[PDB]
């Protein structure tokens, strides 16, 4: 709904690795540190659907500005070394790159297209924003 609390698909929740809790991590069915993503069970009926597409455009929510921004982004791929307070200087996987506002508190924002959710806002700054492509996790739908 609001578009920042991660993706809720079926009885499962998809969120960023650095924003997840230990309890969620201890029950997680899927974990990727490189992609900065977990898929963990939750006792709820998720209303989200993962996008089974190859869209190069989408719309993502910026929390600190409270607005939806459209953007054309680069396909998934390995990304440059960048350091955060949560992670060391490392190359992330399944990264979607675009231009737009992004702040420290905006991590977890949803990028979507007409097919569903494509990724979660991973990091950004200086007018460049990155997302974790979750199109590979569509097996969750079942």
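Positions refer to the first chain, counted from 1.
Do the C-alpha atoms of 81 to 89 or of 112 to 120 have the higher average B factor in the entry?
The recorded data point to 81 to 89.
Return whichever of 24 to 32 and 58 to 66 has the greater mean Cα B factor according to the PDB record.
Comparing 24 to 32 with 58 to 66, the higher average CA B-factor belongs to 58 to 66.
When the deposited Cα B-factors of this chain's modelled residues are ordered and cut into thirds, is residue 41 in the lowest, the middle or the highest one?
For residue 41, the deposited C-alpha B-factor lands in the middle third.
When the modelled residues of the chain are sorted by Cα temperature factor, does residue 138 land in the lowest, middle or highest third?
Its C-alpha B-factor, which the entry lists for residue 138, ranks in the middle third among residues of this chain.
Within this chain, which third does the Cα B-factor at residue 96 fall in: lowest, middle or highest?
Tercile = middle for this residue's CA B-factor.
Check where residue 129 lands among this chain's C-alpha B-factors and tell me if it's the lowest, middle or highest third.
CA B-factor rank for residue 129: middle third.
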